């Protein structure tokens, strides 16, 4: 239970992370992740309230580890990643930040609400993704590394044309 100076550091860490992403600083962002990274975006289906879960088992929108997340960044560093070249303009609005102690000392369970705004080109339209991110952050030196993230979107059918952006 409790934190305080830690809440501040974790919160600032989230805002710095989001800033790197919104600046297209993917290589720098990749330095924030852990060697055992698990990064997942589940699929949801509409179900009656009675259902125990509406999260799909065995299939996912995205299920990355450190190696595949490196591939993702390496792709964006070529001259040919057409989905993001020209780059989207994006904004990661990170709100409702909750911090809890993790399963080990030096680990923290971090939950935030994300609204991701996205435009491309000169067409007068925009996309919004809304969802909850559940993270495990690990102390590393005088900062943190992300060991785990689950992005659960408030959508079943996703309302953007690809998931070319890291959330």
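Residue numbers count along the first chain shown, from 1.
Stretches 140-148 and 154-162 differ in mean CA B factor, with 140-148 having the higher one.
Mean CA temperature factor is higher for 99-107 when stretches 37-45 and 99-107 are set side by side in the entry. For the set 124, 129, 55, 30, the maximum C-alpha B-factor listed in the entry falls on 30.
Among the modelled residues of the chain, residue 51 sits in the highest third by CA temperature factor in this PDB entry.
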